[PDB]
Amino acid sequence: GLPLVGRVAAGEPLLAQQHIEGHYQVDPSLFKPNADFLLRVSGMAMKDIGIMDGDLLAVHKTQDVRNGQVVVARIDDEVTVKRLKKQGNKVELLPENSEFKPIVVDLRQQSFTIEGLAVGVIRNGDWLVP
């Protein structure tokens, strides 16, 4: 099934073997565009739209993303899940939690890559229960 990506080693590609924690069969008709992998979410930055710490984000592999969409982004090795808001050579990664602040990126100054598009969420896949 879909590979589950855990915390990503700095600079290391998302689907690097060390990152995969397992594989889970998920009906492809569930999400659109189709989910290509699952990514465990770190933190509550997107809690207001129901994306909680520990959730498994369903991600479609693409870089064809538009403003307003929730994306998986990599900024200087750090991988994050935020709402995209680009404007010229400036990209804003907005949270959905007032305890967090927007992340502003200067395309000229730092390395920025869209890893994928959030197309769903699966809550569970608990690493504590047998």
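Start at 1 with the first residue shown and count on from there.
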Once average C-alpha B-factors are taken from the entry for 113-121 and 12-20, the winner is 12-20
With B-factors read from the PDB entry, the higher C-alpha mean of 52-60 and 82-90 is in 82-90
Note to self: of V105, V41, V71, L30, the C-alpha temperature factor tops out at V105
Entry-reported C-alpha B-factor of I75 relative to its chain, by third, is highest
